[PDB]
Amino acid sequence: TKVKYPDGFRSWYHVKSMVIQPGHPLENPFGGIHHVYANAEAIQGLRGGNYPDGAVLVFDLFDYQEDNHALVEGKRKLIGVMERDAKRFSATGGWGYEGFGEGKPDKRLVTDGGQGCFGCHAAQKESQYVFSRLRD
């Protein structure tokens, strides 16, 4: 029913990164530099298999500071989490969605059972609701 905090996510495989700057549609509240991490089970789905139960993707979001035309990572704003479990999270397409303010376990952000996150991710139905693609 609740998404588990993903302890140890920082040592998982770095899928990709992206910078969202002011003015982008997703600025609020996804503005900043973000990195996507996948555990072993999520890698299987990214590589083209089905996502097994227990797959986890993390969206790791940092503020940045612009300093002499370099963007430098500042403080972590939040993490977004998707946890695969076809049965428990069937209401939201088999993924449970949670946000943790500042990446801390006790700061849960989602208040609508994940429906809001799910409504945008539904656009990626064809890729099992995941936007990120593996690059080399």
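For every residue, the number given is its place in the sequence shown, counted from 1.
Judged by mean Cα B factor in the deposited record, 105-113 ranks above the other of 76-84 and 105-113.
Just going by the entry, 55-63 versus 90-98 on mean CA temperature factor gives the higher value to 90-98. Sorting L26, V36, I43, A70 by the CA temperature factor given in the entry leaves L26 at the top. Ranked by C-alpha B-factor against the other modelled residues of its chain, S17 falls in the lowest third.
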